[PDB]
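Structure first, commentary second.
Cβ sites come from the backbone with ideal geometry, for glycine too, and all protein chains shown count toward neighbours. Where a number appears in this text, it was derived from the coordinates with a stated rule and is not lab data.
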Amino acid sequence: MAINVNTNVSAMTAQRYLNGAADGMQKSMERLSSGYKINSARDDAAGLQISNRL
Amino acid sequence: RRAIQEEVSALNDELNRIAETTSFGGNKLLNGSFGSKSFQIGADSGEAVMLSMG
Amino acid sequence: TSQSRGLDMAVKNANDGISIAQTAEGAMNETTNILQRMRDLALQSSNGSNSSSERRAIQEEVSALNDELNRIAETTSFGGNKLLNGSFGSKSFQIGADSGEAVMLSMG
Amino acid sequence: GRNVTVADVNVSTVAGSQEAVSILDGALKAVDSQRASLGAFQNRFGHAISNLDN
Amino acid sequence: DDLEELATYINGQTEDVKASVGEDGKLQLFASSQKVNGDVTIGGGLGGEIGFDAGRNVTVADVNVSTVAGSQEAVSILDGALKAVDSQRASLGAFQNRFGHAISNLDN
Amino acid sequence: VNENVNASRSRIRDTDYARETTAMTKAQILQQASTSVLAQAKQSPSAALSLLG
């Protein structure tokens, strides 16, 4: 690995999985305030419909 | 006898009400139109269990 | 260093052997619970206080549980590799750094 | 032999009421049998849940 | 064994084909295009009793899920699809390792 | 008529202590869940402090 300056692909990977981790806790932290798994159609598509029907 | 019969007829009409209105999210159960449906309880295809209510 | 690398492959392989038998035995744990339930039902049906009708009720429970035992046998698997259906047979888990240091595992 | 069900139960006379007691006896067996059939299915699914989770 | 238990039993016994049951109780097989070549020949007493039609080609795009039969078939289609994408990934990974050794060898 | 009217009025307007207390307790747990997650949510910008520091 030619030790570079302009490109820091190791840090890009670090902030990419940081983005996944930051988003991942956002779903859980939203789910726990409301108390619902399906807070929107994102989580369970049909699960939203049948839960709404129920 | 007609006093008993009038209540028996009301109860008999109630049995048809329970059969025809009991539903699970708009899916009627006891009216006889449910038939047999396979409930998929495995992590791979073709691992379902047949359930039927008359 | 060839031995050292082989030993890590042996630790990894032995870990796989541990997990494969862990999944198989875990299914056996439920099989024990089911058969104990069917034994409870079998003792209940043997009572002379039961007429014909309740014996059919016990049979419906026993038949449903019996089909469940066949279900666990034919569906338990390790990533699609069936375990309790009798098709696994005897397979060897290489846990050494030199060829020919395996351990034979078989379940009926 | 004419077919009789709970709908034809007419207790306006002693003959209809005496038959009625027997007709609902046949009906209670049908309901109890399918309830027990469902109960066996429910226990079968409960054990399946434990095995699937395990 | 009813149709559903027959589908499970066929699933456990062999891993080349996958059995499933449709809306009406019709045992549908799925022979992956990556594991088999040519048509499947079905014989025996059970094959004659059930009856088996010609082989239709399906893919991920042809997956219809509005019916339970289509969804049961869907699981098998994407199992052969996942094995297909993973097969090429391993080929690319062994290629990355191969030029990893080639790069180091060229440096020496 | 007064006795039956009173019973009807109770069914329509008078509270149900069994249901209302359960709703009150569930709402109490809901708020305590919200304050806990909000407390953990306020420290999210603090995770942004470590990068430049």
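Tabulated results
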read-out	value
Scope the range B:1-52; condition surrounded by fewer than 16 Cβ atoms within 10 Å (Cβ to Cβ) and touching a residue at least 12 places away in the same chain (Cβ under 8 Å); matching residues	B:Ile18, B:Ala19, B:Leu29, B:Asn31, B:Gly32, B:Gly35, B:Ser36, B:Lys37, B:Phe39, B:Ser52
Residues satisfying the stated conditions in the range D:10-20, i.e. farther than 24 Å from B:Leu30 by Cβ and in a helix (DSSP H, G or I)	D:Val14, D:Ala15, D:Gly16, D:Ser17, D:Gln18, D:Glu19
Cβ-Cβ under 6 Å pairs, at least 6 apart or on other chains, the range E:1-22 side away from chain C (no Cβ under 11 Å) and under 14 Å from E:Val75 (Cα atoms), far side part of a helix (DSSP H, G or I) and among the charged types (D, E, K, R)	E:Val21/E:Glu4
Helices (runs of 4 or more DSSP H) lying entirely in chain F (those with 3 or more residues that are among the small types (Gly, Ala, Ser) and under 23 Å from A:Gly35 (Cβ atoms))	F:17-42
Options E:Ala69, E:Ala7, E:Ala84: the member that is touching a strand residue (DSSP E or B) at 6+ places or on another chain (Cβ under 6 Å), under 25 Å from C:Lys82 (Cβ atoms) and not in a loop (DSSP other than H, G, I, E, B)	E:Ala7
Any hit, the range E:49-59, residues being under 30 Å from C:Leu84 (Cα atoms) and surrounded by 13 or more Cβ atoms within 10 Å (Cβ to Cβ)	yes
Per-region count, the range A:1-39, residues outside any helix (DSSP H, G or I) and surrounded by 10 or more Cβ atoms within 10 Å (Cβ to Cβ)	6
In the range C:59-108, the residues that are in a loop (DSSP other than H, G, I, E, B) and among the hydrophobic types (A, V, I, L, M, F, W, C)	C:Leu83, C:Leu84, C:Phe88, C:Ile95, C:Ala97, C:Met107
Single residue of the range B:28-42 satisfying the filter (facing another protein chain (nearest Cβ under 8 Å) and in a loop (DSSP other than H, G, I, E, B)) that is farthest from C:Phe78 (Cα to Cα)	B:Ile41
Condition check for C:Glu74: charged (D, E, K, R) and either within 11 Å of chain D (Cβ to nearest Cβ) or surrounded by 15 or more Cβ atoms within 10 Å (Cβ to Cβ) (or both)	yes
Residue in the range E:24-33 that is within 17 Å of B:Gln40 (Cα to Cα) and either surrounded by fewer than 11 Cβ atoms within 10 Å (Cβ to Cβ) or within 14 Å of chain C (Cβ to nearest Cβ) (or both) present	yes
Among the residues listed as E:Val60, E:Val36, E:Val40, E:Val68, the single one being in contact (Cβ under 8 Å) with a residue 40 or more places away in the chain and more than 22 Å from C:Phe78 (Cβ to Cβ)	E:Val68
Flag for B:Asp13 being more than 14 Å from chain E (Cβ to nearest Cβ) and not hydrophobic (A, V, I, L, M, F, W, C)	yes
Selection status of E:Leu82, surrounded by fewer than 11 Cβ atoms within 10 Å (Cβ to Cβ), closer than 27 Å to C:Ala73 by Cβ and within 14 Å of another protein chain (Cβ to nearest Cβ)	yes
